[PDB]
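Each chain, written out:
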Amino acid sequence: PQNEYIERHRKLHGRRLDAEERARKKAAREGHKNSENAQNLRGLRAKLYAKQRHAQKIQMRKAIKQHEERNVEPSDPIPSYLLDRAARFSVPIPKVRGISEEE
Amino acid sequence: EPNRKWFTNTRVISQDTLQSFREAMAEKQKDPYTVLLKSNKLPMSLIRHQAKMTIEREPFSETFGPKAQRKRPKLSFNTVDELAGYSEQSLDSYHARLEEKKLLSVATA
Amino acid sequence: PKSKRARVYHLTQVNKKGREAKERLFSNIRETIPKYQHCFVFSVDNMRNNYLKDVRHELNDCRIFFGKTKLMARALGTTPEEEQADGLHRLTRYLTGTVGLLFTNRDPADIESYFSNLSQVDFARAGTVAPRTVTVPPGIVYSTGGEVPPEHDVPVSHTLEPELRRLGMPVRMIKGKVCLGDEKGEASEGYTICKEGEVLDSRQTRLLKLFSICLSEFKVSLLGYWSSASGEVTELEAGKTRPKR
Amino acid sequence: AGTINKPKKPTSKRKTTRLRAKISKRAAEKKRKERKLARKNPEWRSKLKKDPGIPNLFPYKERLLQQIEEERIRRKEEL
Amino acid sequence: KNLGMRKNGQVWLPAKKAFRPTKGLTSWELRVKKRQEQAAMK
Amino acid sequence: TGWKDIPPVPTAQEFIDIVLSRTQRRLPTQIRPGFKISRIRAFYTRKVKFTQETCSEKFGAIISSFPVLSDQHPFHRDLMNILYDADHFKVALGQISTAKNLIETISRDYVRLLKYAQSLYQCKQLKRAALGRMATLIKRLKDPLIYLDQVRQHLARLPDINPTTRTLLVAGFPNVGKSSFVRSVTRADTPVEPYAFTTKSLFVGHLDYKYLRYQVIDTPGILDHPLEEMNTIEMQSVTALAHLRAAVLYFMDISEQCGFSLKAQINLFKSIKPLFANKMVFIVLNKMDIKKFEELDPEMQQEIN
Amino acid sequence: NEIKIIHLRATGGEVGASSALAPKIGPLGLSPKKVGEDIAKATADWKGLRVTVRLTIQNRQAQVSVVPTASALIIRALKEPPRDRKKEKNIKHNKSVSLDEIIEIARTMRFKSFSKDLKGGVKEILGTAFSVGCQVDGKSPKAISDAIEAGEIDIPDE
Amino acid sequence: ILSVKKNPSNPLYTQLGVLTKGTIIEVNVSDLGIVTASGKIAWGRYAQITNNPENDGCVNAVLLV
Amino acid sequence: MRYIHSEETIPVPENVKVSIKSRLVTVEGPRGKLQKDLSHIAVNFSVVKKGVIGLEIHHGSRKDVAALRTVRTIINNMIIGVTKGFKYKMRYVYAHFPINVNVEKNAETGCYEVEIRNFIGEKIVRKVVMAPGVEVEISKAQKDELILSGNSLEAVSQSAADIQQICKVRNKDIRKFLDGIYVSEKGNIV
Amino acid sequence: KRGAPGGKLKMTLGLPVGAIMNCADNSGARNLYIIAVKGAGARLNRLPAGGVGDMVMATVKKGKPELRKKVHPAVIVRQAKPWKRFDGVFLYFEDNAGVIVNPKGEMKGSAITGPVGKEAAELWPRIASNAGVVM
RNA sequence: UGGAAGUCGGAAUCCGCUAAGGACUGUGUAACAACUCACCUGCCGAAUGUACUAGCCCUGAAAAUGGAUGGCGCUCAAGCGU
Ligand SMILES: Nc1nc2c(ncn2[C@@H]2O[C@H](COP(=O)(O)OP(=O)(O)OP(=O)(O)O)[C@@H](O)[C@H]2O)c(=O)[nH]1
Ligand SMILES: [Mg+2]
């Protein structure tokens, strides 16, 4: 074969006769499968699944927020040349844990 | 303890002094039979992107893929005559390299 | 109640109208009343109702409202104590089902004549009676399904074959051509979409719409009209037959 | 999972005395550390508490609002 | 007969009704009066 | 003999998931603070080394399977330069090799540090640091991995053209019957449709003549404009005409139902005839059920002569 | 004797628009060079603009006509200086067109607009000009449309 | 790194040059273009180590500007 | 929440006989007679009106109320089966090897059997034994089509699903190999 | 194909790994040193072994020097360990000997000196074609 | 842009007829076509939708002899709250 031969095969012969129905039924059962995965996966696989679901929920919530308002700073006023700017001559870390001589 | 000397420059040097030091030290590396005296007290710390640009100008997604917008290839020839000459010299170099590799059951370990 | 249907949020620009659209309809209907002499009530039942734009364009001096029936009735005033003009509560008795309002200053005889000779051939909806028997012939399926001669017809698009299979035609894809039976028109009989004197369902009407076969008509029927000068409602022919509420 | 036909090693709920003592000690130390962090916490805390309010499903919420009305009116008149 | 189509294709499925087990516990006019009262209250 | 043997190229997140999955599941995971510090060091050193070995094996599998442009025939090299930006191809594979080498260096440094780590907490932190650095290095390859996967699929679907064999090369303007000719003389399935640029990639079929196997190459059509204005679809045909020692069949439609003028076709032929040196040129006039040479004007016949 | 109507998009003063026509007009019996000459003669006064052309075919000859499009009329009324297509690209139509010429374009498009009034036609032309990106009377076409709603700018009736 | 200025735990640790958290180091800042008021290049400046190198495998520091 | 009373109604046509005894429903009509044991669901049957079956649950939860819809649809499907029947039309398509389908009636078991041969050139003979009551006919009107008719919707649909699942392509690209038997149409016999 | 002959009846395997056999063809080698056999199973402490008609991996120890730098596939044609055929005959050859072939079974040499085994001639047609005596 | 017609890309994203319809939500075409979504109307018939909060329950990580609410066993409990 050569080039887009699977696409040409679909153009000349189509797909399986139940392909659309099976895809629709699988998309319908996706909710049941997702809930079953949430309530039945075990261990590290379950932890990774839960973290990824939390990620998609955050992303979907932000997308819904952005579609909701598609149609819609310091305290003291300072000029543009004083923006993004900030005695005791202390270091950033003035105290750390002491290290014993066995360590 | 807080101190003012934490926030000061500890080693400074001028333009001409740095340039003269670098030139003299390079002249010293020119001779392999001349070695420094007290080299631990010398400021030896002073002595000692095409891919990125192409990716910035043309991303991978715009080059090849379902969202690709690339339409004009980058060529090393301008007209048909230089194209023919390019093909001829490319074939000659390819044959010469193949002869070089030919001149240059599995084997035992 | 954990087990619930996931309500899909739509990422589209157009939103639900709500109460403000009803108030805008009230304002528009109650403002077109004191400018036009006659107000006709018309009915288009079991029809596609997509030539109303052409009707609006042809009657430029007229104003046509095709909103909700109860909304239009409450806009005109159901009881005589709340009617915007005298005799409008008499006109509101004809507003049932799929009806519309026509505010005009023309001659009522002219309006009746126009809505009499106005007629465009239209696709049939579900519930209509099939006027004839339509059968796609066996073999290669064309766009019109045998309405035009096959020598003057392009073959039907290959993307419509799963839709025809879902709508029940046992067509198949041979060499990129949607064929009924075989390529040479053998080993199968023609597919009868509808039989004469049979109530059409949505499957048959959708098949006829795909094959561009029109088996109905678009008739606007005038029921009655209220006149501002006389303050009365004259009832036309279809108004007696059509139920009132 | 093939749990019914071939169960795995059971998880014991019978507590160990050493484990319970260690857990109790760790819980006491966590309570102490939370007390220390609460005392050293610089996060703002409002003196006033937000009122949860009156439920909408209460049928005499109107009536409650009325005796609130003449109560505040009588208080203002007396003051 | 049934003039419409069903998405799953189960044409024998009857025209089901809404699962409302709390039906008949109140009337429409009473609910309208309560809606007016809650609107004034809020 | 084809580039279908290239292993599939995952994305950055899939690559991280795969490598960390083998690290998690193909090695023991329980270590105790009461064990010997040498045993703890061996445990975490084995984790770091196994992660590096998995990453290096996958990166070497990616690099060693993709074609090397400098070692190809000039036709294949310039064809891949037309289809893919050759600069982008070499940049993507160089970034893959750079990430492989940097992963190896990170692993060696952290193994050396694990030699001197003195507690299970320090060993755990060093292992997590090495694995996080490897994950960051893989995450910095989001675009080259996708690009190389698309290039891999297109290479796997690319036809097999032998640069030095008995080969016919059909060329010309669009809608002149090149694909119909190739369908009639070979078994190749090339689409024939009346619109222009129906063929967007090189097709090849095969035939037999006097017990000898010939390959016939159908090319996309070429328009009449300077070479700087030529896009990739026509430059595939230009590369095939330039780098393949073939029998060129230049097809011409004298009926002018292709949408182009006979003067434009003759001008394109005269423009591309420098590439026809040391090659056999046959001008095949097609579509004589429409119009013929005798039905052409005498001046056009004279120019064709 | 059958009459066939084919609508197409072409660039004025060009012949290569008939390159796509010859796949279909060829079976109809038309000469593609003759069709290209005819569309060039019809669109000779629309140089460098994408213009809708109607071809009427009967008895194996086709007559060419120019169907006006609002975007092409606005771009022509902008009076953009002559240029060639192949060399410079990504141009922007940021010149000015007068409101009187906008009303003239609306009067030209009374046959295509379904609006009740010439004011509604003028607003449609202003929306098309806003989509193009030009300015009207030195201001934004959307601003002029909003002023037309507000009533301080009066559109003449018919 | 030019020198280790102060390891806060022990002067012996500073003498041995140990890089731990809170250690003041001297770095060559010639690549940052810090310049004196007349044109002299400031090529040595103090910085503080803000991580745990023995647990991280790298030295991360913040300039004392 | 426990709902005190919940009720569903089933209309019954004139030609249907329904007999319920200890939650065992026996529905007999013109085409035949079906039986179903619904004793696993707590439900009270009654005759609310002439030709109307009433299903009621007392002091049940939301699950127990919702189960009456399943019982209602099951009894309605039995009535539709004994009145109009159920018919599944299936089409078997092939690319290169013509699929051979033979239908016979095993009289000793009293049930139909379908033998499938030459499915993508395989030398094995697949055999599907029908549930009792399901009749198989090779359609003469259309090409390469089976028709399954019966009174039991469950039996007819399960036989159809068995015919689909016995012809499955394995270790091949399903985008390229489209061979198999598929349920084309579902409906009523009458 | 991993050079495993199909249809081979079980016989006594007389040549384990480390054996030195004669090189029966004219490829230039004088002896073959067995380093592995093809089709050997996995068993603790068991040396892989091969019989007549078995393909082995061998190295040349005596012969033309450019054969001494590679590992060659070989087919064992003669063995001295007695083995039984299906007709009840226990038999053995005068020496242990084999021939160097490719992975597909075609011989590198052009002729075979001495007889070859029936099993080797059965499972390798090129040896049957280049053999003079079949025993 | 070779072709790009809402649906390969970039930037804008207006008006009319409106009951309502995005310079468009996906499927699809080489491009069209065609289907569909958002939105509206007709049938119907009375309560629903969104997000949180509090209980109980599932998961929220496990190795290596066979075993442990103490054991049997317990399901309107012989579990949980008063
Ligand atoms: N009358 C006639 N028509 C032809 C003849 N050959 C080709 N055609 C028509 O011309 C069209 C040209 O299509 P193709 O054969 O694909 O030619 P092409 O498009 O240049 O080929 P590609 O560039 O590879 O796609 C076809 O659709 C045919 O209908 C011929 O010999 N006689
Ligand atoms: Mg073409």
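Up top is the structure.
What comes next concerns the included structure.

### Quick notes on the sheet that holds strand β1 (residues 4-11) of chain G
Residues and elements named next belong to chain G.
Working step 1: As summarised here, the arrangement of the three strands in space is β1-β2-β3, forming an open sheet in which the pairing is antiparallel. Lying at the two open borders of the sheet, with one neighbouring strand each, are β1 and β3 (61-67). Going across the sheet, the axis of each strand differs from the next one's by a mean of 30 degrees, ignoring polarity.
Working step 2: The pairing of β1 with strand β2 (residues 50-58) spans eight bridges and is antiparallel. Pairing of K4 across the sheet is with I57, part of β2.
Working step 3: Sheet strands touched by helix α2 (residues 32-42): β2 and β3. Its angle to β3, the strand with the most contacts, is close to 30 degrees.

### Things to note about a nonpolar patch on the surface
Residue and element names in this part refer to chain D.
Working step 1: Nonpolar side chains collect at one region of the surface, where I54, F58, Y60, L65 and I68 lie side by side and expose about 430 Å² of accessible area between them.
Working step 2: When you line up the elements, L65 lands in helix α2 (residues 61-78).
Working step 3: The class of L65 is partly exposed, set by a relative accessible area of 30%.

### Considerations on the interface of chain A and chain H
Working step 1: Contact with chain A, which involves nine residues of that partner, is made by 14 residues of chain H.
Working step 2: Summing the contributions of chain A and of chain H, the shared interface buries around 790 Å²; its carbon and sulfur component is 64%.
Working step 3: Three residues, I93(A), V96(A) and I99(A), lead the burial of chain A against chain H; their summed loss comes to 58% of the area buried on that side.
Working step 4: Linking chain A with chain H are zero salt bridges.
Working step 5: Here chain A is connected to chain H by three residue pairs in polar contact.
Working step 6: When the residues that make up the side of chain A that touches chain H are grouped by side-chain class, the tally is five nonpolar, two polar and two charged.

### Side note on the pairing of strand β5 (residues 280-286) of chain F
Residue and element names in this part refer to chain F.
Working step 1: In this sheet, β5 lies alongside strand β4 (residues 247-253) in parallel orientation, the contact comprising seven bridges. Note that in β5 the partner of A247 across the bridge is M280.
Working step 2: At this point the chain moves from β4, through helix α9 (residues 262-272), to the parallel β5, and the crossover so formed is right-handed.

### Regarding the site of ligand 1
Residues and elements named next belong to chain F.
Working step 1: Near ligand 1 you find 20 residues, and of these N175, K178, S179, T199 and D289 are the closest.
Working step 2: With respect to ligand 1, the side chain of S179 contributes an N or O atom lying 2.4 Å from an oxygen atom.
Working step 3: Within the contact set of ligand 1, an oxygen atom lies 3.0 Å away from a side-chain nitrogen or oxygen of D218.
Working step 4: In isolation ligand 1 offers 640 Å² of accessible surface; the protein chains occlude 79% of this area.
Working step 5: The greatest single-element share of the shell around ligand 1, amounting to three residues, is contributed by helix α7 (residues 178-185).
Working step 6: Grouping the amino acids of the shell around ligand 1 by side-chain chemistry returns six nonpolar, nine polar and five charged.

### Examining the coordination of the magnesium ion (ligand 2)
Working step 1: Taken together, the protein ligands of the magnesium ion (ligand 2) are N175(F) (OD1), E193(F) (O), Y195(F) (O) and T198(F) (OG1), with distances of 2.2 to 2.8 Å.
Working step 2: The exposure class assigned to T198(F) is buried, which follows from its relative accessible area of 15%.

### Remarks on the packing of helix α2 (residues 37-65) of chain F against helix α5 (residues 120-139) of chain F
Residue and element names in this part refer to chain F.
Working step 1: Packing of α2 against α5 leaves a shortest axis separation of 9 Å and a crossing angle of 5 degrees. Considering their axes alone, α2 and α5 lie roughly parallel with respect to each other. On α5, the residues touching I37, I40, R41, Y44, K47, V48, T51, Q52 and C55 of α2 are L120, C123, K124, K127, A130, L131, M134 and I138.
Working step 2: Among the residues making up the contact of α2 with α5, the classes are represented as 11 nonpolar, two polar and four charged.

### As for the protein's contact with RNA strand K
Working step 1: Taken together, 75 residues are adjacent to RNA strand K, and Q39(A), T12(C), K53(C), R56(C) and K89(G) come closest.
Working step 2: Those atoms of RNA strand K that come within 4 Å of the protein belong to sugar or phosphate at a rate of 72%.
Working step 3: For RNA strand K, a base oxygen lies 2.5 Å from a polar atom in the side chain of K53(C).
Working step 4: Taking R20(E), its side chain carries an N or O atom lying 3.3 Å from a sugar or linking oxygen of RNA strand K.

### A closer look at the arrangement of the chains
Working step 1: Contact analysis covers 16 pairs of chains in contact, and the most contacts occur between chains B and F.
Working step 2: At the level of C-alpha atoms, the two units chain C and chain H stay apart, their nearest approach being 45 Å.
Working step 3: The two units chain D and chain H never meet; even their closest C-alpha atoms stay 24 Å apart.

### Let's talk about the side chain of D179(I)
Working step 1: Along the chain, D179(I) falls in the loop between α2 (153-166) and β13 (180-187).
Working step 2: Although buried, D179(I) forms no salt bridge, and the nearest oppositely charged side chain, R16(A), lies 7.5 Å from it.
Working step 3: A polar contact is formed between the side chain of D179(I) and the backbone nitrogen of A95(I), at a distance of 2.9 Å.

### Comments concerning the nonpolar core
One recurring pattern in soluble globular proteins is that nonpolar side chains are buried together.
Residue and element names in this part refer to chain F.
Working step 1: Judged by nonpolar contacts, the single largest core of 97 residues is most densely connected at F66, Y84, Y147, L148 and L241.
Working step 2: Per-element accounting of this core gives the leading share, 12 residues, to helix α4 (residues 86-114).
Working step 3: Among all residues touching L148, those that are not within four sequence positions of it are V9, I62, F66, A92, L93 and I96.

### Considering the environment of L3(E)
Working step 1: Here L3(E) lies in the segment before α1 (28-41).
Working step 2: Residue class for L3(E) comes out partly exposed when judged on its relative accessible area of 31%.
Working step 3: Not counting residues up to four positions away in its chain, the partners in contact with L3(E) are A126(C), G127(C), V199(C), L200(C), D201(C) and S202(C).

Reading the values: rules and limits
- Residues numbered from 1 in each chain as written, not as in the entry; some residues may be left out.
- Chains lettered and ligands numbered in written order.
- Part of a larger assembly, values for the part shown.
- Heavy atoms only, no water.
- Residues with missing side-chain atoms left out of burial classes, pairs and counts.
- Pairing = 2+ DSSP bridges.
- Helix = DSSP H or I, 4+ residues; strand = E, 2+ residues; numbered from the N terminus.
- Axes fitted to C-alpha atoms, helices over the stretch in contact; angles between N-to-C directions.
- Contact = heavy atoms within 4.5 Å.
- Patch = residues over 30% accessible without salt bridge, like charges linked within 9 Å, V, L, I, M, F, W, Y side chains within 5 Å.
- Areas by Shrake-Rupley, 256 points an atom, 1.4 Å probe, with all protein chains shown as cover.
- Salt bridge = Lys/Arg side-chain N within 4 Å of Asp/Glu carboxyl O.
- Buried < 20%, exposed > 50% of the residue type's maximum accessible area, 1.4 Å probe, protein only.
- Buried area = accessible area lost by both parts, 1.4 Å probe.
- Polar contact = N/O pair within 3.5 Å; in protein donor to acceptor, adjacent residues only side chain to side chain.
- Nonpolar A, V, L, I, M, F, W, Y, C, P; charged D, E, K, R; others polar.
- Right-handed = clockwise from strand over helix to strand, strands pointing away.
- Near = heavy atom within 4 Å.
- Donors = N, O, S within 2.8 Å, 3.2 Å for Na, K, Ca; no water.
- Parallel < 35°, antiparallel > 145°, perpendicular 65-115°, else oblique.
- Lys, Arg positive; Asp, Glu negative; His and termini not counted.
- Core = buried A, V, L, I, M, F, W, Y, C linked by side-chain atoms within 4.5 Å.

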